[PDB]
Amino acid sequence: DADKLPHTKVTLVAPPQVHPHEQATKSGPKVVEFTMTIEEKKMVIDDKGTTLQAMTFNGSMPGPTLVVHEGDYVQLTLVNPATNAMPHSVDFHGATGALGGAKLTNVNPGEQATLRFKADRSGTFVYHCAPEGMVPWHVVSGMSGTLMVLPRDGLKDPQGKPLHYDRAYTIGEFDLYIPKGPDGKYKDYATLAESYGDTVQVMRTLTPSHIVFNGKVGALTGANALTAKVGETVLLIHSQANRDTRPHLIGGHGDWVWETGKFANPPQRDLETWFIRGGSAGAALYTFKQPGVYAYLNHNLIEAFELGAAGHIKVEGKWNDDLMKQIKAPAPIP
Amino acid sequence: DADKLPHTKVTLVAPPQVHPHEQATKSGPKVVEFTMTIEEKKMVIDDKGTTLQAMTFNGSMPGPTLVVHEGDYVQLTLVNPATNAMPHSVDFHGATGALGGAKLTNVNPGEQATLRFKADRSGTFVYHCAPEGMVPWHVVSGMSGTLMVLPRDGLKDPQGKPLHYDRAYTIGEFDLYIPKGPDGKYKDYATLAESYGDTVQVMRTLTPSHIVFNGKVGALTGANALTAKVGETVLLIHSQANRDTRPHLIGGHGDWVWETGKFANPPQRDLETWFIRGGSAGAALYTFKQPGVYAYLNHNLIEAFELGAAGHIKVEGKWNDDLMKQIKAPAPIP
Amino acid sequence: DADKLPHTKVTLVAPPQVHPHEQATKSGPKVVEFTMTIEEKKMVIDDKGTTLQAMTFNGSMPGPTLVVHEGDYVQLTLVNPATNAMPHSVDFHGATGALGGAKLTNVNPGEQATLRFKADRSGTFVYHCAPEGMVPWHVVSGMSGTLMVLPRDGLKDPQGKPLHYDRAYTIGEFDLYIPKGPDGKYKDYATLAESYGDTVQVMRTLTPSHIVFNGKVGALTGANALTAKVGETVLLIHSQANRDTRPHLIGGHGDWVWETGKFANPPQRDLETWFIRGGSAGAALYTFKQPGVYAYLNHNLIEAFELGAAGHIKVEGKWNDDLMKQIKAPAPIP
Ligand SMILES: [Cu+2]
Ligand SMILES: [Cu+2]
Ligand SMILES: [Cu+2]
Ligand SMILES: [Cu+2]
Ligand SMILES: [Cu+2]
Ligand SMILES: [Cu+2]
Ligand SMILES: [Zn+2]
Ligand SMILES: [Zn+2]
Ligand SMILES: [Zn+2]
Ligand SMILES: [Zn+2]
Ligand SMILES: [Zn+2]
Ligand SMILES: [Zn+2]
């Protein structure tokens, strides 16, 4: 059909939000049009002013989440402005053929391209830049995000019963490899190209200098904490385009989790910690039962607390003493 | 109900054993009372006398395993004696709210607190210390163990048929980060506080100096080997509160494994090696079919053999030639 | 039965091919005889002539894949020629008892042994050398491969429907630990024994110098690329006997994947990236829908592109515009 089908245009929004969309839908297949514009820029990634010579989709790490339904066609215009120094492309893990689209979206600065592919498989899928010979650098420098392809009748549990979320959040976790000089301080680079050789040396050690949600230590804390309320079901989409992570909600659970991120498979329930394979996006549902400030983090606690892979969720509502109660507050031992 | 329910008191036992308990039970929900007392102490962790400035629940690494049934309430008195230097708390991954209980169990030396929570989800769950600003250090220094919440009707296979174990063992695997001095020898510290800064430096490299079962290289070997017999089904509970591991039984299998450790999910069968995500506890059932000395180990063989993540299981009984037979012993090539 | 049963002899073939075999079979159980001869040799592992003092089964990394059916007995003659310097053995993860067979196959140079075991569990299973006190070194130096034990009625999907492959490939991924001298260049060793101490130092850092498919950077590229055609279903068997990996097919998927590699468990579908636990073999089915050159790689992109864990699959056939179409080729921005 394709060329026969109706088209719709979607306006993308910045992480950690996800653009408005339906879950279960009575709509038939559409060509869903998206546009993204690559921005290279220096970004401050921690609380002591370390910078990253970063590369982004639409100015953010991660790039925005694109949401369609199974059977839809994704039609992306990828724009690489002449103000950028490097060629780029996009590899959609949700797509079939031509290195995910990368061979057909090879754009030099001042060019754009339009790729169409059929989203014939449900799930959360990573997309990332994949320019020939420079793949890992472009990815670790920030160029990834999530395509979510929802089943046309919405999410299902292992018995085929309906599942839903009331709010979606998208978290991209970024293993960064910032070089240091002879003084042990992080290097600051005047240009993207100048960061390259030293960064590759760091990459090859396999030890990140920082591991951050959404582009910086503390990105999802303070004023920028995620929010929910008791009784609300959140979807937490978690992408890691290069390295394994193990998400966990402190004082919560993964009620239903697709850790490999593919919705035609039954989810697991009651998880404490789940596993996102480097090069993938997964999805967890949780319904809040207690108010308070939760942490959502990578449960390698070093990676979380020392290197930056941790955020907060501030939840409104009424405390539930049946679920948890302080029987005796801290007080002197008898 | 809660405040209406009967109470029972459980006496904890040292790993690798697990306190006596029922699997399937005709008992209704209870408030099950536990107590644990934190002990900070220096411990020798390898065969060359390296020490760790350790922190423990009840004097052991891991802390003891607490066993209840789904629908029970866990009521823990946590005691931090004035002979300890640091504040502590407990975060139960099996609990809902208040950072796992951590916000309600913040105990300075000379204090205790009593926390109650509903164990409303079946599985093996990590619990660990989580004091504000010092979480990874307290965890890697030894403060973790397992809460096992058994379904009220016992374990089930993927078709809903009953499964059981005749003996449970609990194995906590500890990634340690022991600093070295300019001479390349491990540092020995006079106090817990003095170990801190140097240990954090090591932690941030993400490379453990040692990875040990149950507190020391060779903890589960020699006189301290696990034991079983042909025909006996063992449960191996495996916790790793900070870092991924991949358990394996040499010459055996995981007959039924919940690698994410949550019993409402169907187990997998016939595993060679399974995966415990950092920040979780999993469970494997195996029924011994051959006598002999098995290894139970982390199948990154470096981590196992060089760094310490390996134990033994000595199994009694009759050799089975149908399962395995030496047809020709080693002898000269013809 | 065993001693009653018919015997068959199988001729092994070099990776990445797998010896001819049936999937579903009307044949009853057999004693299936195999022979392998250990070869120690120096091998060049990258494009700049770095060498590895390697140890192999049948002269290749990985060793050859052995294929039987559930209920068959594997009977392996393991030959260690007097031209080798070291003792060897074999541990079959598919076997039950005696440390996988290792205790019964302990062969010094100039000896051979014959081991029989029942392949009573379906799946892909690692086998590897396991000589007492030298296990990790022998494994990381190249001594591993795959035993595939097919269900007697062939592969099944989660609903019990038949699945099949038209071509099997076997990929062993090898984390290598090549030492360097004071000049920062890789060391070349005159003998296997001389490589030992320095290699163990590298191993303990847990950082591989190289991570290669099938014995060398680029082993599965150029003339040596894997091949298939549109409409053909390939099985990709992936073993990693020491360290975790995360396979991915760029521009493809895992249509059906047993990432833990055990066929009595239902596979997952539509995977972007899957996970092979160190110490295991997994299996993925994919049916090609687009022609072109695909990459099959470890999706830690550093490990793939910088360290060597990547291969190619060249696929013949007709491009499918419904699945993917370049709507606008790269061209100047309007
Ligand atoms: Cu790019
Ligand atoms: Cu990719
Ligand atoms: Cu503590
Ligand atoms: Cu935790
Ligand atoms: Cu060997
Ligand atoms: Cu093994
Ligand atoms: Zn149209
Ligand atoms: Zn809702
Ligand atoms: Zn009461
Ligand atoms: Zn029994
Ligand atoms: Zn015979
Ligand atoms: Zn076919």
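### Examining helix 2 (residues 192–204) of chain A
If you check helix 2 of chain A, its first and last C-alpha atoms are 19 Å apart, about what 13 residues at 1.5 Å a residue would give, namely 18 Å. At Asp198 of chain A, helix 2 of chain A shows its largest bend, some 35°. What helix 2 of chain A keeps buried is the set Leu192, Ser195, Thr199, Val200, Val202 and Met203 of chain A. Contacts from the buried residues of helix 2 of chain A go to strand 2 (31–44), strand 3 (51–57) and helix 1 (135–140) of chain A together with helix 3 (301–306) of chain C.

### Digging into the nonpolar core
All names here are of chain C. One finds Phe34, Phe57, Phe92, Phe117 and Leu147 to be the most contacted residues of the largest nonpolar core, which totals 33 residues. Those elements that provide at least two residues to this core are strand 2 (31–44), strand 3 (51–57), strand 4 (66–69), strand 5 (73–80), strand 7 (111–118), strand 8 (123–128) and strand 9 (144–150). In terms of residue count, the dominant contributor to this core is strand 2 (four residues).

### Observations regarding the interface of chain C and chain A
Each side of the interface is counted separately: chain C has 50 residues, and chain A has 59 residues. Of the residues forming the side of chain C that touches chain A, the biggest block, nine residues, is contributed by strand 22 (residues 324–332) of chain C. Sheet topology note: the strand 7 (residues 111–118) of chain A/strand 22 of chain C ladder contains six bridges and is antiparallel. The residue of strand 22 of chain C that forms the bridge with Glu111 of chain A is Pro332 of chain C.

### Things to note about the interface of chain A and chain B
Between chain A and chain B, the contact holds 50 residues from the first and 59 residues from the second. Considering each element in turn, the side of chain A that touches chain B owes the most residues, nine residues, to strand 22 (residues 324–332) of chain A. Among the residues forming the side of chain A that touches chain B, the class breakdown is 24 nonpolar, twelve polar and 14 charged.

### Considerations on the relation of the copies chain C and chain A
You can overlay chain C on chain A at an RMSD of 0.0 Å; the transform is a turn of 120° with a shift of 0.0 Å along its axis. Look at the turn and shift together and you get a three-fold axis relating the two. By C-alpha distance to the rotation axis, the residue of chain C lying nearest is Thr207 of chain C, at 5.2 Å. Interface overlap between copies is the fraction of interface residues in one copy that are interface residues in the other; for chain C against chain A it is only 4%, indicating separate surfaces.

### What to know about the environment of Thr245 of chain C
All names here are of chain C. By secondary structure assignment, the location of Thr245 is in the loop between strand 15 (233–240) and strand 16 (247–249). Taking the relative accessible area as the measure of exposure, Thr245 reaches 0% and is therefore buried. In this structure the C-alpha to C-alpha distance between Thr245 and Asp175, which are 70 residues apart in sequence, comes to 9.8 Å. For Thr245, the residues in contact, after removing those within four places along its chain, are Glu173, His238, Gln240, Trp274, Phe275, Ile276 and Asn298.

### A short note on the sheet that holds strand 4 of chain C
Residue and element names in this part refer to chain C. Reading across the sheet, the four strands line up as 4-9-8-6 and stay open at both edges, with mixed pairing between neighbours. The strands lining the two open edges of the sheet, one partner per strand, are strand 4 and strand 6 (91–92). Where strand 8 meets strand 9, six bridges bridge the pair, whose relative direction is antiparallel. The residue bridging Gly123 from the neighbouring strand is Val149, located in strand 9.

### What about the sheet that holds strand 19 (residues 280–287) of chain B?
Residue and element names in this part refer to chain B. The six strands are arranged 13-12-15-19-17-18 in an open sheet whose pairing can be described as mixed. On the outer flanks of this sheet lie strand 13 (210–213) and strand 18 (268–271), each paired with one strand and no other. Averaged over all pairs of adjacent strands, the angle between their axes in this sheet comes to 25°, without regard to strand direction. One ladder, built from four bridges, connects strand 12 (residues 167–176) with strand 13; its direction is antiparallel. In the sheet register, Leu176 faces strand 13, and the bridge partner there is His210.

### As for the coordination of the copper ion (ligand 4)
Protein coordination of the copper ion (ligand 4) is provided by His299 of chain A (NE2), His93 of chain B (NE2) and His128 of chain B (NE2), with donor distances spanning 2.0 to 2.1 Å. With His299 of chain A in the loop between strand 20 (292–298) and helix 3 (301–306) and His93 of chain B in the loop between strand 6 (91–92) and strand 7 (111–118), this residue pair bridges two chains. As far as burial versus exposure is concerned, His299 of chain A and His93 of chain B are alike and both buried.

### Remarks on the pattern of salt bridges
Where charged atoms from two side chains of opposite charge come close, those side chains can pair. All chains considered together, the criterion is met by 60 salt bridges over all chains. For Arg246 of chain B, the salt bridge goes to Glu303 of chain B, with nearest N and O atoms at 3.3 Å. Here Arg246 of chain B is found in the loop between strand 15 (233–240) and strand 16 (247–249), whereas its partner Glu303 of chain B is found in helix 3 (residues 301–306), with 57 residues between them in sequence. On the accessibility criterion, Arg246 of chain B (5% relative accessible area) is buried. With a closest N to O distance of 3.0 Å, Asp188 of chain C and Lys42 of chain C form a salt bridge.

### Some remarks on the UniProt feature "binding site: Zn(2+) 3" (unreviewed entry) in chain A
Residue and element names in this part refer to chain A. Sites flagged by UniProt as "binding site: Zn(2+) 3" (unreviewed entry) map to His69 and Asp72. The class for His69 is buried, based on a relative accessible area of 9%. Engagement of the side chain of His69 in a polar contact is seen with the backbone oxygen of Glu22, the distance being 2.8 Å. Residue position: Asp72 is located in the loop between strand 4 (66–69) and strand 5 (73–80). Assessed through its relative accessible area of 4%, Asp72 is described here as buried. When residues no more than four places from it in sequence are discounted, the contact partners of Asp72 are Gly28, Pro29, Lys30, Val32, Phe117, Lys118, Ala119 and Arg152. A distance of 3.1 Å separates the side chain of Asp72 from the backbone nitrogen of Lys30, its partner in a polar contact.

Rules of the game
Residues numbered from 1 in each chain as written, not as in the entry; some residues may be left out. Chains lettered and ligands numbered in written order. Heavy atoms only, no water. Residues with missing side-chain atoms left out of burial classes, pairs and counts. Helix = DSSP H or I, 4+ residues; strand = E, 2+ residues; numbered from the N terminus. Expected span 1.5 Å × (residues − 1). Bend = angle between axes of the 7 residues up to and from the residue. Buried < 20%, exposed > 50% of the residue type's maximum accessible area, 1.4 Å probe, protein only. Contact = heavy atoms within 4.5 Å. Core = buried A, V, L, I, M, F, W, Y, C linked by side-chain atoms within 4.5 Å. Pairing = 2+ DSSP bridges. Nonpolar A, V, L, I, M, F, W, Y, C, P; charged D, E, K, R; others polar. Least-squares fit on C-alpha atoms. Axes fitted to C-alpha atoms, helices over the stretch in contact; angles between N-to-C directions. Donors = N, O, S within 2.8 Å, 3.2 Å for Na, K, Ca; no water. Salt bridge = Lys/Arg side-chain N within 4 Å of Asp/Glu carboxyl O. UniProt positions renumbered as here; feature names shortened; annotations may be inferred. Polar contact = N/O pair within 3.5 Å; in protein donor to acceptor, adjacent residues only side chain to side chain.

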